[PDB]
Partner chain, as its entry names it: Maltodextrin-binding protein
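Listed next as structure tokens is one chain, alone, in the form solved without its partner chain.
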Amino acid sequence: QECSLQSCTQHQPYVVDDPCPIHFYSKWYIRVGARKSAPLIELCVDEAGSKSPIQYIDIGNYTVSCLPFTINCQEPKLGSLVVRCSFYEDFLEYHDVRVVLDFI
């Protein structure tokens, strides 16, 4: 279980520091209620060869961009922010990192 502690100014945009190896793959999620037996919601979806923030689940004014992943600095009300890291597009083997924010 790994944990990335980052700092930003609450309610201003923040480009999240990618805790995954940068030349490989990552996918950003919210884990509902930070409960591992609850759903894992992808924050970004592919539309036209590009990633854009999900629109079919309402998580408010949280995700600003998916290129690169940028949030409005806040803890998401819905749950925890989790990134899944993988060397491979198939994502069959991976590890997760939870990202937590101190407000500056």
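Residue numbers count along the first chain shown, from 1. Residues that one form lacks are left out of the comparison. In this text, rigid core is short for the largest set of C-alphas that superpose within 1.5 Å between two forms.
The form deposited with its partner chain bound is left out here; the points below concern that form.
S.K.: Within 4.5 Å, heavy atoms only: does residue 65 come near its partner chain in the deposited complex?
M.R.: Yes, residue 65 is a contact residue.
S.K.: Do any residues of 69 to 104 have a non-hydrogen atom within 4.5 angstroms of its partner chain in the deposited complex? If so, which ones, in sequence order?
M.R.: Contacts from 69 to 104: 87, 89, 90, 91, 92, 93, 94.
S.K.: Quick check: residue 91 between the shown form and the other one - does its CA shift reach 2 Å or more after fitting the rigid core?
M.R.: Yes, because once the rigid core is superposed, the C-alpha of residue 91 moves 2 Å or more between the shown form and the other one.
S.K.: Using the rigid core as the reference frame, would you say residue 25 shifts its C-alpha by 2 Å or more between the shown form and the other one?
M.R.: Not so; residue 25 is displaced by less than 2 Å.
S.K.: Only counting residues present in both forms, give the runs of 3 or more in a row whose C-alpha shift is 2 Å or more between the shown form and the other one, core aligned.
M.R.: Runs with every C-alpha shifted by at least 2 Å: 22 to 24, 52 to 56, 88 to 91.
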